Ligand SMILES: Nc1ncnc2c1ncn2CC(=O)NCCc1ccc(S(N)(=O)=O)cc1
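The chain below stands alone and is given in C-alpha cells; this is the form solved without the named molecule.
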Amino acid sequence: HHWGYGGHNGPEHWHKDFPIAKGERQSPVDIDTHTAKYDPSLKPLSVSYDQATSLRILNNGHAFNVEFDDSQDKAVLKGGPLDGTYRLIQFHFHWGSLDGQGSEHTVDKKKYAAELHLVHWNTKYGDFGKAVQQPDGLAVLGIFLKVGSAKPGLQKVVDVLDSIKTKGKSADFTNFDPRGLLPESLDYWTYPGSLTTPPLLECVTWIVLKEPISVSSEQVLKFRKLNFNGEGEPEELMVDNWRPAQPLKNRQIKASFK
C-alpha cells in the first residue's frame, strides 16, 4: 500500500489501486437531514462497554488506533439497525488542520472538527478478517467532535500521543473506558456503507450519532502534533486524514428519531 492523505496519494487517487473506491456503497456521505427518513422500526442502540478492555494505542501512519481485546464478548454493540452482536476491536479519529474541517460524514454539508469511529465486527463471522468480506460484517459508530469545552474522558488519549508521535510507534493503553467518549443522546442516522480507508470494503452498517461531543481546542491541537511519517523522516503533520463525502447512489439514510 502507498495511499495516504498527502499531496499526491490522497483520496482522489485511491481508485487506481482500490477500484471499489467508485463503488455503489462508499463512505462517508453527506447526511441530508431533511431527506433522511424517520424509521419507527429502528431500535434503541445498545452500547455495552462496561467490560471493555483496552490494550494498546498505535500510530499506523494514517491515524491512531486504540485497540481492544476482542477475544470475547466484552464491549459489544447491538440493537439499533443491527441483527446480532458486534464486538469492539478499535477506535480512531479523523481530524483537520483547522477546526472547520476534519469530519468524514457531513450534516447538511456541515463539517465538524473531527469524527470518532468505534469499529465493531459481527461475531457470526468469527474474526475481523472474515467479517470485512461480508456486507453485514462491521458496525461503525460514528461520533462528531466540535471544539468548545474539554472532554474529560478524552484527555488520557491526548496525553499519550507524545509517545506515539510517528508511524509504527505503539504504547500500552490499558484501562481506558470508551463510555467517556459517548454524548448524552444515542439518537442516530444509519445507512449501508464502507470502510473509509483502503481497502474501502463495502462491509459496514454505519451508525452516526446526531449529538456531537465537545472537545477543547487544546485537545484537538494535540491530535495535530502527530506525524504521518516514521521516526526521523521529514515531518509531515498528521492532519486532514479524512475522506470527503462520496455519492449516496441507491441508498437511504434512516433516522432513529422523529
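A residue's number is simply how far along the shown sequence it sits, counting from 1.
Note that the form deposited with the named molecule bound isn't included here; everything after this is about it.
The named molecule is not drawn, but in the deposited complex it has no heavy atom within 4.5 Å of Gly84. Using a 4.5 angstroms limit between non-hydrogen atoms, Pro192 is distant from the named molecule in the deposited complex. A residue is said to contact a partner when one of its heavy atoms sits within 4.5 Å of a partner heavy atom; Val147 fails this definition for the named molecule in the deposited complex, lying far away. Within 4.5 Å of some heavy atom of the named molecule in the deposited complex lies at least one heavy atom of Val140.
Put simply, of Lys78, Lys165, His92, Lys151 only one has a heavy atom within 4.5 Å of the named molecule in the deposited complex, and it is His92. Contacts between stretch 109-135 and the named molecule, counted in the deposited complex as any heavy atom lying within 4.5 Å, involve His117, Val119, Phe128, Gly129, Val132, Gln133, listed in sequence order.
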